[PDB]
Amino acid sequence: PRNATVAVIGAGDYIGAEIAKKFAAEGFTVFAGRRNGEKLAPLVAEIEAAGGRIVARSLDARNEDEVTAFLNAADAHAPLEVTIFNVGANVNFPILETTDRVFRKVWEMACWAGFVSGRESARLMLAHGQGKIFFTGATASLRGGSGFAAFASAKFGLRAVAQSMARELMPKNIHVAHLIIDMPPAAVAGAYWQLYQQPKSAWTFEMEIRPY
Amino acid sequence: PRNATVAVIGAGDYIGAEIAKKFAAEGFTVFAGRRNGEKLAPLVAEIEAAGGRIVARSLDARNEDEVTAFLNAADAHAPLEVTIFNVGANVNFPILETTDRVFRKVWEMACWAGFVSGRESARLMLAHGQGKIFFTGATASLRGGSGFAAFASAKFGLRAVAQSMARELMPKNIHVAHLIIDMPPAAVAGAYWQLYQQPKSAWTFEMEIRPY
Amino acid sequence: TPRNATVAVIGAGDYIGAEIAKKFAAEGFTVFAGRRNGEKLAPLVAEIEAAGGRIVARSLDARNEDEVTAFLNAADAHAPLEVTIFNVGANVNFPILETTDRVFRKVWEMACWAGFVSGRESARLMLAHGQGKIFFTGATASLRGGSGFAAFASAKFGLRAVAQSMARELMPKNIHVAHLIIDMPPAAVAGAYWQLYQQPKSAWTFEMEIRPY
Amino acid sequence: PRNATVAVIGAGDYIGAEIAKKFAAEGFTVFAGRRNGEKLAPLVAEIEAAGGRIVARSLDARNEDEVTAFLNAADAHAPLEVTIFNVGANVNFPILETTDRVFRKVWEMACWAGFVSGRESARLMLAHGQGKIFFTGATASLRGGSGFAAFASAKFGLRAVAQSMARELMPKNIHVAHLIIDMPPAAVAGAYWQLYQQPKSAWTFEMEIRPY
């Protein structure tokens, strides 16, 4: 056991669940959040039967108050050392069929939410003097294809937040990273663990993984 | 001459004025747009003095209904052939001092507004079967520096919108372009004219200019 | 009215190169046009001269640094060298195990080495006049290396770096170094190079990508 | 042991030495090459006192015959499983001062040698049905600065070789990677160990590391 927490913002999918499993398996108390937090009960049982610690919460990440409360709670339980922001929103609409609602919603889910998760984690971590903030990217963080104006906009948006944060906070002992996924959920979790284990002398900001 | 309109969304600054001057000098009826639309009066004087046609309007680009009406007003006067989105927003705040309001407001001015201006320009131009949609970018569209989380996030976001639109609409005879600036505000207006003059067999999506 | 100036077109043997020569000659420059077999430039010379333009055709193997240097020195001696356009392609594809020592070396000599020498020697000549433009033709293989493209992409990436490094050094010294990436009509590429030529120093583009739709 | 060899081409610097020490400690038989192979004698003595296995050879990486013989020698000892190509050439000259001799020598040491190293490694590895081919890059692999025409040309060139080889060979079970440096040399060795440990479902092609 470590006297430390890991926040997994977006433990709904298999990737998010695997990240939770992995950091729990390594002795962190995992705070896991998804929209319908009752659906985390399978994951909790499995992790706790394996002897690991997890606090499951319902969380709409679009809501900045809930994100702040989620992260503050994690840090109150034990010092927050790692946040993994894992909130996707893969949608495709031709530009004319991209509504105001969809564009705003995707930004709120995939960019706005990551900004708030990143800022509030930084606030908690800088008080401890160390920490790691990891964001999940996609190929839409790198290039905007046809139909992906809403989605690529939010993912480019998140990438820029990660960059600016890294420029500011890497010199302040916070490892900001951006993992672009393009597999086993478990392989994504292993990749986050690999970023976690990097020493200060050789930190990677951006990594892309593909399955072969 | 000409029987067609140019919408210059962001005619408030020096760059926006010069673009309005340039496209009017080349025979287009320029629909200029800024916040305080009555501050366009010295520009409207100078342009009409030289024989150019200009319709000055108040415009808050964040408001999607105002943008839609602005672009519809331009098209109703003469077929809309060129939209140039040129909306500022250059701010710097450390991550912890980047407020909810700043982040959301910067996105609204610089990314959301660009998406609306773009999608609505596309609707109108596709009726005429041709047209050009140009977006002004910055170094912050390409990399996020320290303190630039809000601004870089929004410019990255605009880049992805421009990219996705280009992937879909360039095959449908609409030249979508993204002009990155690091000048003569007049030199920027010239660069846009270069992009306008390009034939369909040699269209550039992204062009970056800087002085020496 | 003739400009008292030359343009070196290194690689005037394809349609793109010929159109570049046609364009700069149409705008009043004397074009020095080089291809491996200079006698094959005879139709181009005839066409340019009948339209009122000036052109000197030479045989030039751009892998040969002595020939590149002599070609550029000759152009500058004629009239001040103002624009060099390096347009030496080489699109070839071989799986990695089938990419021979010969193919890899030759593609580098033609597409990268030749560009370095042309660039360096053009810079030497142009800096004496205090101005000039040095343009390099790139490809998508300048930006990413696909399967089978190890030799070609290596040389194109290599050319792009040379261009970047020359630009960082010489743009503040009044040389517009540029890199035009293509993937037409050939007349369109010439237009794009003319567009780059026309840019004022308050707004130069280093790299630009074009494609047809 | 691992009953396998690791070829370190460019073991004459501190980084090269550390890569050798690292893979030897993990039970590989390291084949270490540098221009004067007698200067590897201290490293051999250090690794072998620790219980590691290493063979030192003189190698001029510009010479394709020597590179091929080096890698054949490695594979003849035990299956070549990892090749790490690590031959730098960090020189700076203004363009007019970059001689024919310098531009060619730099390509020969830093690009040509890498190509031959990669092609020959792939030949040997494909016969065993697996392998990893790693290339050390620099910031000059990504952008060319003033004075770096020779170095950046060769480094860009090598990046491209790595890219093409990766596209072709990752589907055929060879992990090709490009580690961009910029720091302790042990940190570089650690990052290559990271890349070695990546499972097939989550391989990264390119990773940048820098110190903080």
# chains A, B, ... in the order shown; residues from 1 in each chain; ligands from 1
$ select_by_dssp --residues "stretch 21-210 of chain A" --states "strand (DSSP E or B)" --output "number ranges by chain"
A: 29-34, 54-58, 80-85, 131-137, 174-181, 203, 206-210
$ write_last_selection --atoms "N, CA and C atoms" --output "compact mmCIF listing (two decimals), in the first residue's frame"
# COMPACT_ATOMS: atom_id res chain seq x y z
N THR A 29 -4.79 3.97 -3.70
CA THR A 29 -6.25 4.00 -3.52
C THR A 29 -6.81 4.73 -4.73
N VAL A 30 -7.59 4.04 -5.56
CA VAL A 30 -8.06 4.64 -6.80
C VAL A 30 -9.42 5.32 -6.61
N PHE A 31 -9.51 6.60 -6.97
CA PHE A 31 -10.81 7.25 -7.07
C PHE A 31 -11.23 7.17 -8.52
N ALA A 32 -12.28 6.39 -8.76
CA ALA A 32 -12.77 6.17 -10.11
C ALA A 32 -14.10 6.88 -10.29
N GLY A 33 -14.25 7.58 -11.41
CA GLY A 33 -15.48 8.29 -11.70
C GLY A 33 -15.98 8.05 -13.10
N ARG A 34 -17.28 7.79 -13.22
CA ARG A 34 -18.00 7.74 -14.49
C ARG A 34 -19.40 8.34 -14.28
N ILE A 54 -10.39 1.05 -3.84
CA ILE A 54 -11.07 1.88 -4.83
C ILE A 54 -12.29 2.61 -4.21
N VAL A 55 -12.42 3.90 -4.49
CA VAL A 55 -13.62 4.67 -4.13
C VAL A 55 -14.33 5.04 -5.42
N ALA A 56 -15.51 4.47 -5.63
CA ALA A 56 -16.30 4.71 -6.83
C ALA A 56 -17.26 5.87 -6.60
N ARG A 57 -17.35 6.78 -7.57
CA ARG A 57 -18.27 7.93 -7.49
C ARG A 57 -18.94 8.15 -8.84
N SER A 58 -20.18 8.63 -8.82
CA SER A 58 -20.82 9.16 -10.03
C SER A 58 -20.21 10.52 -10.31
N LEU A 80 -3.02 13.26 -3.57
CA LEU A 80 -3.30 12.96 -4.96
C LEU A 80 -2.00 13.02 -5.70
N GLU A 81 -1.63 11.90 -6.30
CA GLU A 81 -0.34 11.80 -6.97
C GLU A 81 -0.45 11.66 -8.47
N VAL A 82 -1.55 11.07 -8.95
CA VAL A 82 -1.74 10.86 -10.37
C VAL A 82 -3.18 11.16 -10.72
N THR A 83 -3.40 11.95 -11.78
CA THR A 83 -4.74 12.03 -12.40
C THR A 83 -4.67 11.55 -13.84
N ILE A 84 -5.61 10.68 -14.21
CA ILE A 84 -5.74 10.26 -15.59
C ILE A 84 -7.09 10.72 -16.06
N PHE A 85 -7.08 11.63 -17.03
CA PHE A 85 -8.28 12.11 -17.68
C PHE A 85 -8.55 11.28 -18.94
N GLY A 131 3.65 15.26 -8.66
CA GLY A 131 2.42 14.71 -9.21
C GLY A 131 2.52 14.41 -10.68
N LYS A 132 1.52 13.69 -11.21
CA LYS A 132 1.50 13.34 -12.63
C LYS A 132 0.08 13.56 -13.16
N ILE A 133 -0.04 14.22 -14.32
CA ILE A 133 -1.37 14.51 -14.91
C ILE A 133 -1.39 13.98 -16.33
N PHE A 134 -2.22 12.97 -16.61
CA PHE A 134 -2.11 12.27 -17.86
C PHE A 134 -3.43 12.43 -18.59
N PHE A 135 -3.35 12.81 -19.85
CA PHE A 135 -4.54 12.96 -20.68
C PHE A 135 -4.57 11.94 -21.81
N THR A 136 -5.74 11.36 -22.07
CA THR A 136 -5.92 10.47 -23.20
C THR A 136 -6.24 11.23 -24.47
N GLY A 137 -5.36 11.08 -25.45
CA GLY A 137 -5.59 11.61 -26.78
C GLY A 137 -6.10 10.56 -27.74
N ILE A 174 5.91 18.39 -11.88
CA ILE A 174 4.66 17.74 -12.26
C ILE A 174 4.81 17.15 -13.66
N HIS A 175 4.62 15.84 -13.79
CA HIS A 175 4.79 15.20 -15.09
C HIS A 175 3.48 15.23 -15.82
N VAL A 176 3.34 16.21 -16.70
CA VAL A 176 2.18 16.24 -17.57
C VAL A 176 2.45 15.40 -18.83
N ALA A 177 1.52 14.53 -19.22
CA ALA A 177 1.72 13.73 -20.41
C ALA A 177 0.44 13.57 -21.21
N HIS A 178 0.60 13.23 -22.47
CA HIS A 178 -0.53 13.13 -23.37
C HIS A 178 -0.35 11.84 -24.18
N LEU A 179 -1.16 10.83 -23.87
CA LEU A 179 -1.06 9.52 -24.49
C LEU A 179 -2.08 9.39 -25.60
N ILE A 180 -1.60 9.35 -26.83
CA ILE A 180 -2.47 9.24 -27.99
C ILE A 180 -2.74 7.78 -28.33
N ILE A 181 -4.01 7.40 -28.27
CA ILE A 181 -4.44 6.03 -28.56
C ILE A 181 -4.97 5.98 -29.98
N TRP A 203 11.62 12.48 -18.94
CA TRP A 203 10.16 12.48 -19.04
C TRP A 203 9.73 12.71 -20.46
N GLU A 206 4.65 13.49 -24.87
CA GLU A 206 3.66 12.88 -25.76
C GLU A 206 4.13 11.53 -26.31
N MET A 207 3.25 10.54 -26.26
CA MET A 207 3.52 9.19 -26.76
C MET A 207 2.28 8.74 -27.52
N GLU A 208 2.48 8.01 -28.62
CA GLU A 208 1.38 7.38 -29.35
C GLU A 208 1.52 5.86 -29.31
N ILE A 209 0.44 5.14 -29.04
CA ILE A 209 0.47 3.68 -29.07
C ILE A 209 -0.54 3.13 -30.08
N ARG A 210 -0.15 2.04 -30.73
CA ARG A 210 -0.97 1.34 -31.71
C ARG A 210 -0.89 -0.15 -31.40
$ residues_around --residues "stretch 60-69 of chain A" --least-positions-apart "5" --cutoff "6 Å" --atoms "only C-alpha atoms" --output "ChimeraX atom specification"
/A:35,108-109,113
$ select_by_dssp --residues "stretch 68-182 of chain D" --states "alpha helix (DSSP H)" --output "compact mmCIF listing (two decimals) with N, CA, C and O atoms, in the first residue's frame"
# COMPACT_ATOMS: atom_id res chain seq x y z
N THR D 68 27.71 -4.70 -41.69
CA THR D 68 27.12 -6.01 -41.98
C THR D 68 27.85 -7.16 -41.28
O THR D 68 27.22 -8.08 -40.75
N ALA D 69 29.18 -7.10 -41.26
CA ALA D 69 29.99 -8.12 -40.59
C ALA D 69 29.80 -8.07 -39.08
O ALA D 69 29.79 -9.12 -38.44
N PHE D 70 29.68 -6.86 -38.52
CA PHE D 70 29.40 -6.69 -37.09
C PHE D 70 28.12 -7.40 -36.67
O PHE D 70 28.11 -8.17 -35.72
N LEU D 71 27.05 -7.15 -37.42
CA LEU D 71 25.71 -7.67 -37.13
C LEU D 71 25.62 -9.18 -37.39
O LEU D 71 24.97 -9.91 -36.63
N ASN D 72 26.27 -9.65 -38.46
CA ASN D 72 26.44 -11.09 -38.69
C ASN D 72 27.19 -11.78 -37.55
O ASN D 72 26.77 -12.84 -37.07
N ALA D 73 28.27 -11.16 -37.09
CA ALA D 73 29.02 -11.68 -35.95
C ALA D 73 28.12 -11.82 -34.72
O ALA D 73 28.12 -12.88 -34.08
N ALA D 74 27.34 -10.77 -34.43
CA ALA D 74 26.37 -10.77 -33.32
C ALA D 74 25.36 -11.92 -33.42
O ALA D 74 25.20 -12.71 -32.49
N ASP D 75 24.72 -12.02 -34.58
CA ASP D 75 23.72 -13.05 -34.81
C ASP D 75 24.31 -14.46 -34.78
O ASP D 75 23.63 -15.40 -34.35
N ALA D 76 25.57 -14.61 -35.23
CA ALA D 76 26.27 -15.90 -35.17
C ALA D 76 26.50 -16.33 -33.74
O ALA D 76 26.44 -17.51 -33.43
N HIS D 77 26.76 -15.36 -32.85
CA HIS D 77 26.89 -15.67 -31.43
C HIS D 77 25.58 -16.14 -30.77
O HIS D 77 25.55 -17.19 -30.17
N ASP D 100 31.98 20.14 -48.66
CA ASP D 100 31.59 18.87 -49.26
C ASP D 100 31.95 17.71 -48.34
O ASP D 100 31.12 16.81 -48.11
N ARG D 101 33.16 17.75 -47.79
CA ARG D 101 33.67 16.66 -46.97
C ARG D 101 32.84 16.47 -45.71
O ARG D 101 32.53 15.35 -45.34
N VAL D 102 32.50 17.58 -45.06
CA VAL D 102 31.70 17.56 -43.83
C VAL D 102 30.26 17.09 -44.07
O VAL D 102 29.78 16.23 -43.34
N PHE D 103 29.59 17.62 -45.10
CA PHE D 103 28.22 17.20 -45.39
C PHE D 103 28.12 15.71 -45.69
O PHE D 103 27.21 15.04 -45.20
N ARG D 104 29.04 15.20 -46.50
CA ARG D 104 29.07 13.79 -46.87
C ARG D 104 29.41 12.89 -45.67
O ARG D 104 28.71 11.90 -45.41
N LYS D 105 30.47 13.22 -44.93
CA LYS D 105 30.88 12.44 -43.77
C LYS D 105 29.74 12.35 -42.75
O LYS D 105 29.49 11.28 -42.19
N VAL D 106 29.05 13.47 -42.52
CA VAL D 106 27.94 13.49 -41.57
C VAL D 106 26.81 12.56 -42.05
O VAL D 106 26.34 11.73 -41.27
N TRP D 107 26.43 12.61 -43.32
CA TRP D 107 25.42 11.67 -43.83
C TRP D 107 25.89 10.22 -43.71
O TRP D 107 25.09 9.32 -43.39
N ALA D 113 24.89 4.90 -42.36
CA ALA D 113 25.20 3.84 -41.41
C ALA D 113 23.98 3.28 -40.71
O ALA D 113 23.94 2.10 -40.35
N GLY D 114 22.98 4.14 -40.49
CA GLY D 114 21.75 3.79 -39.82
C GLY D 114 20.88 2.95 -40.70
O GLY D 114 20.28 1.96 -40.25
N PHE D 115 20.81 3.35 -41.97
CA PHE D 115 20.10 2.59 -43.00
C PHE D 115 20.65 1.17 -43.16
O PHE D 115 19.89 0.20 -43.16
N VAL D 116 21.96 1.05 -43.30
CA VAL D 116 22.63 -0.25 -43.43
C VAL D 116 22.41 -1.05 -42.15
O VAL D 116 22.02 -2.23 -42.21
N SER D 117 22.61 -0.41 -40.99
CA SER D 117 22.34 -1.05 -39.69
C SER D 117 20.92 -1.60 -39.58
O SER D 117 20.73 -2.71 -39.10
N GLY D 118 19.94 -0.84 -40.07
CA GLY D 118 18.54 -1.24 -39.98
C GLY D 118 18.17 -2.31 -40.98
O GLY D 118 17.45 -3.26 -40.61
N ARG D 119 18.63 -2.16 -42.23
CA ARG D 119 18.37 -3.15 -43.27
C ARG D 119 18.99 -4.49 -42.88
O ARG D 119 18.32 -5.53 -42.95
N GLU D 120 20.25 -4.46 -42.45
CA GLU D 120 20.92 -5.70 -42.13
C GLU D 120 20.35 -6.36 -40.87
O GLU D 120 20.25 -7.59 -40.81
N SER D 121 19.94 -5.55 -39.89
CA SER D 121 19.30 -6.06 -38.66
C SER D 121 17.98 -6.73 -38.99
O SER D 121 17.68 -7.80 -38.48
N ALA D 122 17.21 -6.09 -39.86
CA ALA D 122 15.90 -6.60 -40.26
C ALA D 122 16.06 -7.95 -40.96
O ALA D 122 15.30 -8.88 -40.68
N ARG D 123 17.05 -8.05 -41.84
CA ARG D 123 17.39 -9.31 -42.52
C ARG D 123 17.60 -10.42 -41.51
O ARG D 123 17.00 -11.49 -41.61
N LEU D 124 18.43 -10.15 -40.50
CA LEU D 124 18.76 -11.17 -39.50
C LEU D 124 17.57 -11.48 -38.59
O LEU D 124 17.32 -12.65 -38.26
N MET D 125 16.83 -10.45 -38.20
CA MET D 125 15.71 -10.59 -37.25
C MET D 125 14.53 -11.33 -37.87
O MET D 125 13.90 -12.15 -37.21
N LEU D 126 14.25 -11.03 -39.14
CA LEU D 126 13.10 -11.63 -39.81
C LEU D 126 13.24 -13.14 -39.90
O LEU D 126 12.24 -13.84 -39.90
N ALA D 127 14.48 -13.62 -39.94
CA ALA D 127 14.76 -15.06 -39.97
C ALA D 127 14.43 -15.75 -38.63
O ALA D 127 14.15 -16.94 -38.60
N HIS D 128 14.49 -14.99 -37.54
CA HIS D 128 14.09 -15.48 -36.22
C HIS D 128 12.62 -15.19 -35.96
O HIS D 128 12.05 -15.68 -35.00
N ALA D 149 22.76 22.51 -41.20
CA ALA D 149 22.42 21.85 -42.47
C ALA D 149 22.94 20.41 -42.59
O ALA D 149 22.19 19.52 -42.95
N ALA D 150 24.22 20.19 -42.26
CA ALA D 150 24.80 18.87 -42.38
C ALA D 150 24.21 17.89 -41.37
O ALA D 150 23.77 16.83 -41.77
N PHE D 151 24.23 18.26 -40.08
CA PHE D 151 23.71 17.40 -39.01
C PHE D 151 22.21 17.12 -39.13
O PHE D 151 21.78 15.96 -39.02
N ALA D 152 21.41 18.17 -39.37
CA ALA D 152 19.95 18.01 -39.47
C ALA D 152 19.53 17.22 -40.71
O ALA D 152 18.57 16.45 -40.66
N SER D 153 20.24 17.42 -41.83
CA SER D 153 20.00 16.61 -43.04
C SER D 153 20.13 15.11 -42.76
O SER D 153 19.23 14.34 -43.08
N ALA D 154 21.25 14.73 -42.14
CA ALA D 154 21.50 13.34 -41.79
C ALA D 154 20.48 12.79 -40.77
O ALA D 154 20.03 11.64 -40.90
N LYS D 155 20.14 13.60 -39.75
CA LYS D 155 19.17 13.21 -38.70
C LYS D 155 17.73 13.10 -39.22
O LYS D 155 17.01 12.16 -38.86
N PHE D 156 17.32 14.05 -40.06
CA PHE D 156 16.03 13.96 -40.76
C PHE D 156 16.00 12.68 -41.61
O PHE D 156 15.05 11.90 -41.55
N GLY D 157 17.07 12.49 -42.38
CA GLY D 157 17.27 11.31 -43.20
C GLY D 157 17.08 10.03 -42.42
O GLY D 157 16.35 9.15 -42.85
N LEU D 158 17.70 9.95 -41.25
CA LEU D 158 17.57 8.76 -40.42
C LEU D 158 16.15 8.56 -39.87
O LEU D 158 15.66 7.41 -39.76
N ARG D 159 15.50 9.67 -39.51
CA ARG D 159 14.12 9.63 -39.00
C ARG D 159 13.21 9.01 -40.05
O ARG D 159 12.35 8.16 -39.75
N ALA D 160 13.44 9.41 -41.30
CA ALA D 160 12.67 8.89 -42.44
C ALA D 160 12.88 7.40 -42.68
O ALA D 160 11.93 6.69 -43.01
N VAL D 161 14.13 6.95 -42.55
CA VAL D 161 14.47 5.54 -42.67
C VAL D 161 13.69 4.78 -41.60
O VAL D 161 13.03 3.76 -41.90
N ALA D 162 13.74 5.29 -40.37
CA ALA D 162 13.03 4.69 -39.23
C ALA D 162 11.52 4.61 -39.48
O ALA D 162 10.92 3.56 -39.29
N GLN D 163 10.94 5.71 -39.96
CA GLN D 163 9.52 5.78 -40.34
C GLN D 163 9.11 4.70 -41.36
O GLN D 163 8.22 3.91 -41.08
N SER D 164 9.78 4.65 -42.51
CA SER D 164 9.52 3.66 -43.56
C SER D 164 9.71 2.23 -43.12
O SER D 164 8.91 1.36 -43.43
N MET D 165 10.78 1.99 -42.38
CA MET D 165 11.04 0.65 -41.86
C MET D 165 9.91 0.26 -40.91
O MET D 165 9.45 -0.88 -40.95
N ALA D 166 9.48 1.20 -40.06
CA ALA D 166 8.38 0.93 -39.11
C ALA D 166 7.09 0.59 -39.82
O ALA D 166 6.41 -0.38 -39.46
N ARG D 167 6.73 1.37 -40.84
CA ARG D 167 5.51 1.10 -41.58
C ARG D 167 5.48 -0.33 -42.14
O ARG D 167 4.46 -1.01 -42.06
N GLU D 168 6.61 -0.78 -42.68
CA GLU D 168 6.71 -2.09 -43.32
C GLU D 168 6.83 -3.24 -42.32
O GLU D 168 6.25 -4.30 -42.52
N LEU D 169 7.59 -3.01 -41.25
CA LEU D 169 8.07 -4.11 -40.42
C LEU D 169 7.35 -4.32 -39.10
O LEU D 169 7.44 -5.41 -38.54
$ residues_around --residues "residue B:194" --least-positions-apart "2" --cutoff "10 Å" --atoms "only C-alpha atoms" --output "number ranges by chain"
B: 188-192, 196-198; C: 192, 195-196, 198-199
$ write_last_selection --atoms "N, CA, C and O atoms" --output "compact mmCIF listing (two decimals), in the first residue's frame"
# COMPACT_ATOMS: atom_id res chain seq x y z
N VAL B 188 -0.52 41.04 -44.27
CA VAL B 188 -1.53 39.99 -43.99
C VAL B 188 -2.65 39.99 -45.02
O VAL B 188 -3.11 38.93 -45.46
N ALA B 189 -3.09 41.19 -45.40
CA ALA B 189 -4.15 41.35 -46.39
C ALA B 189 -3.69 40.85 -47.75
O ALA B 189 -4.49 40.27 -48.50
N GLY B 190 -2.41 41.06 -48.05
CA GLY B 190 -1.78 40.57 -49.29
C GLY B 190 -1.72 39.06 -49.34
O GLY B 190 -2.06 38.45 -50.36
N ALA B 191 -1.33 38.45 -48.21
CA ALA B 191 -1.29 36.99 -48.06
C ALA B 191 -2.64 36.34 -48.28
O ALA B 191 -2.73 35.30 -48.92
N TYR B 192 -3.70 36.97 -47.76
CA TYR B 192 -5.08 36.50 -48.01
C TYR B 192 -5.48 36.62 -49.47
O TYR B 192 -6.18 35.74 -50.00
N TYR B 196 -6.61 33.77 -52.04
CA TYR B 196 -7.79 33.95 -52.87
C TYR B 196 -7.50 33.65 -54.35
O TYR B 196 -8.27 32.97 -55.02
N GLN B 197 -6.36 34.16 -54.85
CA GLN B 197 -5.97 33.99 -56.26
C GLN B 197 -5.63 32.57 -56.68
O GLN B 197 -5.61 32.30 -57.88
N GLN B 198 -5.35 31.69 -55.73
CA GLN B 198 -4.94 30.31 -56.02
C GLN B 198 -6.00 29.57 -56.81
O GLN B 198 -7.19 29.62 -56.46
N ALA C 192 2.51 28.58 -58.23
CA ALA C 192 2.85 28.57 -56.80
C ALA C 192 4.27 29.09 -56.51
O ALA C 192 4.49 29.85 -55.56
N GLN C 195 4.02 32.72 -56.98
CA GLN C 195 3.43 33.26 -55.76
C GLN C 195 4.48 33.44 -54.65
O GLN C 195 4.54 34.50 -54.02
N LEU C 196 5.32 32.43 -54.42
CA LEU C 196 6.39 32.54 -53.43
C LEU C 196 7.38 33.63 -53.81
O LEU C 196 7.83 34.41 -52.95
N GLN C 198 6.73 36.32 -55.44
CA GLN C 198 6.08 37.62 -55.25
C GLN C 198 5.93 38.13 -53.81
O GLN C 198 5.69 39.33 -53.60
N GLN C 199 6.07 37.25 -52.82
CA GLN C 199 5.90 37.62 -51.41
C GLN C 199 6.92 38.65 -50.93
O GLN C 199 8.12 38.45 -51.12
$ atom_distance --atom1 "atom CA of residue D:187" --atom2 "atom CA of residue D:53"
21.3 Å
$ interface_residues --of "chain C" --to "chain D" --cutoff "7 Å" --atoms "only C-alpha atoms" --output "JSON, numbers by chain"
{"C": [96, 97, 120, 124, 144, 145, 146, 147, 148, 149, 150, 153, 154, 155, 157, 158, 159, 161, 162, 164, 165, 166, 168, 169]}
$ residues_around --residues "residue C:5" --least-positions-apart "5" --cutoff "8 Å" --atoms "only C-alpha atoms" --output "PyMOL selection string"
chain C and resi 29-30+79-82
$ write_last_selection --atoms "N, CA, C and O atoms" --output "PDB file, in the first residue's frame"
ATOM      1  N   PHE C  29      12.880  37.047 -66.795  1.00  0.00           N
ATOM      2  CA  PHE C  29      14.196  36.587 -66.357  1.00  0.00           C
ATOM      3  C   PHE C  29      14.873  35.806 -67.480  1.00  0.00           C
ATOM      4  O   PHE C  29      14.189  35.236 -68.330  1.00  0.00           O
ATOM      5  N   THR C  30      16.210  35.763 -67.491  1.00  0.00           N
ATOM      6  CA  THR C  30      16.877  34.766 -68.318  1.00  0.00           C
ATOM      7  C   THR C  30      16.929  33.472 -67.522  1.00  0.00           C
ATOM      8  O   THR C  30      17.453  33.436 -66.426  1.00  0.00           O
ATOM      9  N   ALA C  79      24.027  37.266 -65.767  1.00  0.00           N
ATOM     10  CA  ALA C  79      23.310  38.348 -65.102  1.00  0.00           C
ATOM     11  C   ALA C  79      23.125  37.882 -63.657  1.00  0.00           C
ATOM     12  O   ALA C  79      23.067  36.669 -63.417  1.00  0.00           O
ATOM     13  N   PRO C  80      23.055  38.820 -62.688  1.00  0.00           N
ATOM     14  CA  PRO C  80      22.901  38.455 -61.280  1.00  0.00           C
ATOM     15  C   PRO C  80      21.879  37.343 -61.037  1.00  0.00           C
ATOM     16  O   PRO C  80      20.725  37.443 -61.465  1.00  0.00           O
ATOM     17  N   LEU C  81      22.338  36.268 -60.404  1.00  0.00           N
ATOM     18  CA  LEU C  81      21.486  35.151 -60.042  1.00  0.00           C
ATOM     19  C   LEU C  81      20.509  35.581 -58.946  1.00  0.00           C
ATOM     20  O   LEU C  81      20.923  35.897 -57.825  1.00  0.00           O
ATOM     21  N   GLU C  82      19.218  35.601 -59.279  1.00  0.00           N
ATOM     22  CA  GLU C  82      18.177  36.061 -58.341  1.00  0.00           C
ATOM     23  C   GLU C  82      17.256  34.994 -57.764  1.00  0.00           C
ATOM     24  O   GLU C  82      16.705  35.176 -56.680  1.00  0.00           O
TER      25      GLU C  82
END
$ residues_around --residues "residue B:26" --least-positions-apart "6" --cutoff "9 Å" --atoms "only C-alpha atoms" --output "ChimeraX atom specification"
/B:1-2,52
$ write_last_selection --atoms "N, CA and C atoms" --output "PDB file, in the first residue's frame"
ATOM      1  N   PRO B   1     -15.866  46.661 -60.137  1.00  0.00           N
ATOM      2  CA  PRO B   1     -16.749  45.630 -60.678  1.00  0.00           C
ATOM      3  C   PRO B   1     -17.744  45.156 -59.644  1.00  0.00           C
ATOM      4  N   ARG B   2     -17.355  44.226 -58.775  1.00  0.00           N
ATOM      5  CA  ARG B   2     -17.752  42.815 -58.826  1.00  0.00           C
ATOM      6  C   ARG B   2     -19.110  42.620 -58.180  1.00  0.00           C
ATOM      7  N   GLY B  52     -14.741  52.182 -53.268  1.00  0.00           N
ATOM      8  CA  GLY B  52     -15.082  50.824 -52.823  1.00  0.00           C
ATOM      9  C   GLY B  52     -16.401  50.728 -52.070  1.00  0.00           C
TER      10      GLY B  52
END
$ atom_distance --atom1 "atom CA of residue D:49" --atom2 "atom CA of residue D:7"
20.1 Å
$ atom_distance --atom1 "atom CA of residue D:90" --atom2 "atom CA of residue C:66"
26.9 Å
